[PDB]
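Notes for the structure review
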Protein chains: 2
Amino acid sequence: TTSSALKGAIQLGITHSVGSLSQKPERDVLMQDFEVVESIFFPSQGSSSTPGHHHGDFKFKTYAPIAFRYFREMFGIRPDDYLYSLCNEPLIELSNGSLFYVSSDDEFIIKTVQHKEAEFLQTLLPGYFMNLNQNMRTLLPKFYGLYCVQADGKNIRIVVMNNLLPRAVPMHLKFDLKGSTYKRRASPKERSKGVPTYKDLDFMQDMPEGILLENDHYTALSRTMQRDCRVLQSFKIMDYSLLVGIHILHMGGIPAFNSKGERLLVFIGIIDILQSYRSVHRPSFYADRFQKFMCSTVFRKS
Amino acid sequence: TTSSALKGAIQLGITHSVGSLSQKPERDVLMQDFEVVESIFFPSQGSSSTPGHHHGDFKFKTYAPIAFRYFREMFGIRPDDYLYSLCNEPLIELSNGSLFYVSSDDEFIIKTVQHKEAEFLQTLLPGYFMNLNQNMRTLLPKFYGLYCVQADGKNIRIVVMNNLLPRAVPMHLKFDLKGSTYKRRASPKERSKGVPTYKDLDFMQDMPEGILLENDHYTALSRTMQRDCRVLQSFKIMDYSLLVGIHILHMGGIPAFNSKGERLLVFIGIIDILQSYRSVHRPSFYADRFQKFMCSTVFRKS
Ligand SMILES: Nc1ncnc2c1ncn2[C@@H]1O[C@H](COP(=O)(O)OP(=O)(O)NP(=O)(O)O)[C@@H](O)[C@H]1O
Ligand SMILES: Nc1ncnc2c1ncn2[C@@H]1O[C@H](COP(=O)(O)OP(=O)(O)NP(=O)(O)O)[C@@H](O)[C@H]1O
Ligand SMILES: O=[Se](=O)([O-])[O-]
Ligand SMILES: O=[Se](=O)([O-])[O-]
Ligand SMILES: O=[Se](=O)([O-])[O-]
Ligand SMILES: O=[Se](=O)([O-])[O-]
Ligand SMILES: [Mn+2]
Ligand SMILES: [Mn+2]
């Protein structure tokens, strides 16, 4: 593939994009700063401006940058940290349409995106900002950046964001859960893997007594889901999953207890959030199912 | 006038509007909740729903209510406090187009509004929310509510908001300042009053050594203005004033020192913010003037 080609365009492109920013002085974000999109010409020779390269000519589209500065800021992501782990350390591909990549240090993921979505996102931002500034504990994905790359005619949109499941805490059981059932078992291929990413039925089968939760924790979660749903609902959004990482242990995640009885650090985050019908009540439905499902079956009190 | 008539429609209308709310349980505010507007029919007989009255038939339009609940919440305004001081204590008129009214307890003001404006406002809200959640120390007006009343054919839009200058701290000198000069002297009529509301030139005349400020305070203000301007700018907004209340003293305001040398508690807030051209650069201009003017002439460091 022209993949390594892209991997570069990213690290070349962002480093510029962001350093570019740390010139311009800080300022609050405005309803404008969302719609904006900046481009940068990256020739294989390279101006005294866009230099370097020998990799394959492109332009680097940076999106709503002042907004994403704000978001990083609020998610506590120092630019040098961001630039480093992302740009000065080789990017590593992944099996899963939509191609993922990962930071050498397992902190950051990179989905690609249907232009359909990328545009939706832009529109979401204000809505995002609001939820973010209100449900401080939201489960929604932490969107650190949005960028497009132009490879000849071709165009690649990508989003950068928090890996929910770092190598650090090693995950034993791993589930992608929706509250639905059609094809909601992990493919033969998938099950032939490490701590492979399961699914509703596999959970339901392999874990029918549930994930037990100390009342108070069960609430924080419950309410904070019910909040995230109500957002997503409102944005006519569907197919989202709760990604869950259980870790039996023989500190930056959730405390649980077992069907047997072992203590547990669990890790979650709602995902795949950009496909938006944007029927009349259908998302409103998918939210309630997702809700009842996680907050009744997948996690339970006492 | 049919004024006392209106005074009622308000207190009758809000009390319903808000109690109406304290049923529905709390929830984060969504980009939707801004656009919404609820109405309530208030007959002079009155349903078992909208009852009471003998005052003159009307409807009570309540605006973006979940947003304004949020705002009150964030400005720390407990509904019982709000309802009481506003609805269970006679409203008091005022001289100043645009009719003001005041809470018996001097906490709240009520401007009326050109439909032109009221609509602008709605649009501002998201923008408002952002600034509010970012410049915690903004000088912008604290908008507690927006309501319209329908008196026969007639329609009255009103906004409720923080009185910047309560009876509590008695204000000695009082200025309305813009950074302009045309008609920027206080009318003969006006000067024949208590601590009458002056203006640029009167300030410039009666106070040419300025309002002195302990470095650190001068900054908090300076930066926080420069922020508010940049918002307002962005909303293509003009004719705003800085309302200033100086109090010589022989604690909820700003510390200053004098041309002579007396200690001072000063009180400010940007106002008259809804008239929006919404020329190319003109607001951007009016902001910089307003800026330089307050942060150079009206307040100065050391
Ligand atoms: N933030 C994350 N942290 C950890 N793993 C993730 C994350 N995002 C995606 N993944 C992995 O990718 C899988 C699902 O991909 P997803 O994000 O749903 O996008 P997609 O390619 O559109 N899949 P779908 O559209 O549901 O078929 C998850 O089950 C995870 O195993
Ligand atoms: N929040 C407030 N606190 C104290 N006084 C206020 C407040 N708002 C308005 N006033 C008084 O009303 C005066 C100006 O009215 P303003 O709010 O500018 O609306 P307006 O009627 O549109 N005037 P303008 O449009 O500038 O001619 C101020 O100078 C104050 O004396
Ligand atoms: O997908 Se695209 O933007 O048409 O190349
Ligand atoms: O593959 Se599916 O039907 O979205 O779970
Ligand atoms: O001012 Se209005 O709304 O036309 O009565
Ligand atoms: O009356 Se004026 O010209 O707006 O200060
Ligand atoms: Mn998907
Ligand atoms: Mn005005």
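Residues numbered from 1 in each chain as written, not as in the entry; some residues may be left out. Chains lettered and ligands numbered in written order. Heavy atoms only, no water. Residues with missing side-chain atoms left out of burial classes, pairs and counts.

**Some details on the packing of aromatic side chains**
Rules: For this analysis, a ring pair means two rings from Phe, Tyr or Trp (six-membered ring only for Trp) whose centres lie within 6.5 Å, classed as stacked if their planes differ by under 30 degrees, edge-to-face if by over 60, and tilted for the remaining angles. Helix and strand labels come from DSSP, where a helix needs a run of H or I of at least four residues and a strand needs a run of E of at least two; each type is numbered from the N terminus. For a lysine, the NZ atom is tested; for an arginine, the CZ atom; a charge sits over a ring if that atom is within 6 Å of the ring centre and within 35 degrees of the ring normal.
With a centroid separation of 6.4 Å and 75° between ring planes, the pair formed by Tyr286(A) and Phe290(A) is classed as edge-to-face. Of this pair, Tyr286(A) and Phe290(A) both sit in helix α9 (residues 282–298), separated by four residues, roughly a single helical turn. With a centroid separation of 5.7 Å and 70° between ring planes, the pair formed by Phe68(B) and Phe71(B) is classed as edge-to-face. Taken together, the positions of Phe68(B) and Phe71(B), both in helix α3 (residues 65–74) and three residues apart, correspond to about one turn of that helix. Connected via pairs of aromatic rings, a cluster forms that spans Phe68(A), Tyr70(A), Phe71(A), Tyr128(A), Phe129(A), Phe143(A), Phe68(B), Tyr70(B), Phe71(B), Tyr128(B), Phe129(B) and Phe143(B). Over the face of the ring belonging to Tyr198(A) we find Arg191(A), whose NZ or CZ atom lies 5.4 Å from the ring centre.

**Structural notes on the pattern of salt bridges**
This is how the line gets drawn: We define a salt bridge as a contact between a side-chain nitrogen of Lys or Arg and a carboxyl oxygen of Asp or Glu at a distance within 4 Å.
Among the ionic pairs, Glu26(A) bridges to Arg69(A), the shortest N-O distance being 3.1 Å. Within this pair, whereas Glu26(A) is found in the loop between α1 (3–23) and α2 (31–35), its partner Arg69(A) is found in helix α3 (residues 65–74), the two being separated by 43 residues in sequence. As a salt-bridge pair, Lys178(B) and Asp239(B) come within 3.6 Å of each other at their nearest N and O atoms. In this pair, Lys178(B) sits in the loop between β9 (173–177) and α6 (188–191) while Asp239(B) sits in the loop between α8 (215–234) and β12 (241–248), placing the two residues 61 residues apart along the sequence. Here the salt bridges share partners, and the residues they tie into one network are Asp176(A), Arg184(A) and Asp200(A).

**Focus on the interface of chain B and chain A**
Inclusion rule: Working rule for contacts: check all heavy atoms of both residues, and any pair within 4.5 Å makes them a contact. When residues are grouped by polarity, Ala, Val, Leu, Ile, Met, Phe, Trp, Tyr, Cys and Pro land in nonpolar, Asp, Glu, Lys and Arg in charged, and all others, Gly among them, in polar.
Counting residues at the interface gives 19 residues for chain B, matched by 19 residues for chain A. If you list the elements that add at least two residues to the side of chain B that touches chain A, you get α2 (31–35), α5 (115–132) and α8 of chain B. Tallied by class, residues from the side of chain B that touches chain A come to nine nonpolar, six polar and four charged.

**Overview of the relation of the copies chain B and chain A**
Two copies of a chain can be linked by a rotation about an axis combined with a shift along that same axis. Where we set the bar: For superposition, the copies are fitted by least squares on their C-alpha atoms.
Under the fitted operation, chain B is carried onto chain A by 0.0 Å of movement along the axis and a turn of 180°, and the coordinates agree to an RMSD of 0.0 Å. What we have between these two chains is a two-fold relation. For chain B, the minimum C-alpha distance to the rotation axis belongs to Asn133(B) and amounts to 3.5 Å. Interface overlap between copies: 100% of the residues of chain B at the interface are likewise at the interface in chain A, consistent with a symmetric, same-surface contact.

**A few points about the sheet that holds strand β14 (residues 264–271) of chain B**
Residues and elements named next belong to chain B. Here is the rule we go by: Pairs of strands are assigned from DSSP output, requiring at least two bridges between the strands. Between N-to-C directions, angles span 0 to 180 degrees; the directions come from axes that are lines fitted to C-alpha atoms, helices contributing only their stretch in contact.
Taking strand neighbours across the sheet as the criterion, the five strands line up as β10-β9-β12-β14-β13 in an open arrangement whose pairing is mixed. If you trace the sheet from one side to the other, it starts and ends with β10 (197–199) and β13 (254–256), each paired once. Neighbour-to-neighbour, the strand axes of the sheet open up by a mean angle of 35°, direction not taken into account. Two strands pair when backbone bridges link them, and β9 and β10 are joined in this way by three bridges, in the parallel orientation. Residue pairing for β10: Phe-175 is matched across the bridge by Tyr-198. α8 rests against β12, β13 and β14 of the sheet, and its axis sits at about 10° to β14. Where helix α9 (residues 282–298) meets the sheet, its contacts fall on β9, β12 and β14, and the angle it forms with β9 comes to roughly 150°.

**Overview of the domain arrangement of chain A**
Residues and elements named next belong to chain A. The line we're drawing: By convention here, the domain bounds are inherited from an automatic or database domain assignment.
Taken domain by domain, chain A comprises domain 1 (1–163) and domain 2 (164–302). The C-alpha-based centres of domain 1 and domain 2 are spaced at 27 Å. Counting residues at the interface gives 22 residues for domain 1 and 22 residues for domain 2. Going through the elements one at a time, β6 (108–113) and α5 (115–132) are the ones with two or more residues in the side of domain 1 that touches domain 2. Ranked by residues supplied to the side of domain 1 that touches domain 2, first place goes to α5 with six residues.

**Thoughts on the packing of α8(B) against α9(B)**
All names here are of chain B. Convention followed: Put simply, angles under 35 degrees are roughly parallel, angles over 145 are roughly antiparallel, angles from 65 to 115 are roughly perpendicular, and the rest are oblique. Rotating anticlockwise by less than a right angle from the far helix to the near helix defines a left-handed crossing, while the corresponding clockwise rotation defines a right-handed one.
Viewed as axis vectors pointing N to C, α8 and α9 meet at an angle of 170°, and their least axial separation amounts to 9 Å. When the interaxial angle is binned, α8 and α9 end up roughly antiparallel. Once α8 is placed against α9, the crossing between them reads as right-handed. Between α8 and α9, the residues in contact are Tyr-218, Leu-221, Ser-222, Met-225, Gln-226, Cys-229 and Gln-233 and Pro-283, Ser-284, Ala-287, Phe-290, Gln-291, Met-294 and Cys-295, respectively. The residue makeup of the contact of α8 with α9, split by class, is nine nonpolar, five polar and no charged.

**Overview of the side chain of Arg184(A)**
Convention followed: N or O atoms closer than or at 3.5 Å make up a polar contact, with two conditions inside protein: a donor-capable atom paired with an acceptor-capable one, and, for residues adjacent in sequence, both atoms drawn from side chains.
Assignment of secondary structure puts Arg184(A) in the loop between β9 (173–177) and α6 (188–191). There is a polar contact of 2.6 Å between the side chain of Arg184(A) and the side chain of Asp200(A).

**Let's talk about the sheet that holds β9(A)**
Residue and element names in this part refer to chain A. What the five strands build is an open sheet, ordered β10-β9-β12-β14-β13; its pairing is mixed. Edge positions in the sheet fall to β10 (197–199) and β13 (254–256), since each has one partner strand and no second. This sheet shows a mean twist of 35° between the axes of neighbouring strands, independent of strand direction. When β13 meets strand β14 (residues 264–271), the two strands line up antiparallel, connected through three bridges. Each bridged residue has a counterpart across the sheet, and for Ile-254 the counterpart in β14 is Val-266.

**Notes on the pairing of β9(A)**
As judged from the five bridges shared by β9(A) and strand β12 (residues 241–248) of chain A, these two strands associate in the antiparallel manner. Bridged to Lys174(A) within β12(A) is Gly245(A).

**Quick word on α5(B)**
Counted only if it meets this: What a helix is expected to span follows from its residue count: subtract one and scale by 1.5 Å. At every residue, the bend is computed as the angle between two fitted axes, covering the seven residues ending there and the seven beginning there respectively.
Across its 18 residues, α5(B) extends 24 Å between first and last C-alpha, which sits within 8% of the 26 Å expected from 1.5 Å per residue. At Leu124(B), α5(B) is bent by approximately 45°, the largest bend along its length, and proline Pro126(B) sits one to four residues beyond.

**Quick notes on unusual backbone geometry**
All names here are of chain A. With a phi angle near 45°, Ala-64 is a residue other than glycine that sits in the positive phi range. Examined against the element boundaries, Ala-64 turns out to sit in the loop between β3 (58–63) and α3. Positive phi values are uncommon outside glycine, yet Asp-272 reaches one of about 55°.

**Quick notes on the environment of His247(B)**
Residues and elements named next belong to chain B. The residue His-247 is located in strand β12 in this model. Those residues in contact with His-247 that lie beyond four places of it in its chain are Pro-170, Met-171, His-172, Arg-263, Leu-264 and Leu-265. A distance of 2.5 Å separates a polar side-chain atom of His-247 from the backbone oxygen of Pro-170.

**Digging into the environment of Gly179(A)**
All names here are of chain A. One can find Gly-179 in the loop between β9 and α6. In this structure the C-alpha to C-alpha distance between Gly-179 and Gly-210, which are 31 residues apart in sequence, comes to 14 Å. Once you skip the residues sitting within four places of it in the chain, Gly-179 turns out to touch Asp-200, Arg-289 and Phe-293.

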